[PDB]
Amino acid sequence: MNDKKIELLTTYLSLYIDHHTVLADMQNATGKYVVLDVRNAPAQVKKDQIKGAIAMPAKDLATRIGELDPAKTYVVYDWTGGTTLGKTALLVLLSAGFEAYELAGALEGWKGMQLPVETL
């Protein structure tokens, strides 16, 4: 029905965070968002990464979560976000009591918007 739609769209969209809100934190250096690059692939294949992001493959997050700080709010991203890799990671983080979102648009969006990207 019309209610179930709004309810599903509200929760679903809640799993994401606007890339603008992440860009504002990044510039203002207010540091309240930590960006996790959760795609599975060697640095040789990725060669890219959002400015200040922390490499942490999705298939290892459930085993390396102890490196993260609970008080921080995490923002995870994959190659395109059109896969289930972002949500997979998110479920782990949300269950461990963390507060995390999937970056709307993912890496593709971010590079397409010409936003800060580094090589390292």
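Residue positions are given as counts along the sequence shown, with the first one as 1.
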item: Stretch with the higher entry mean CA B-factor, where the candidates are 44-52 and 31-39; value: 44-52
item: Stretch with the higher entry mean CA B-factor, where the candidates are 78-86 and 91-99; value: 78-86
item: Chain-relative CA temperature factor third for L8; value: lowest
item: Chain thirds of CA B-factor: placement of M1; value: highest
item: Third of the chain's Cα B-factor distribution that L120 belongs to, per the entry; value: highest
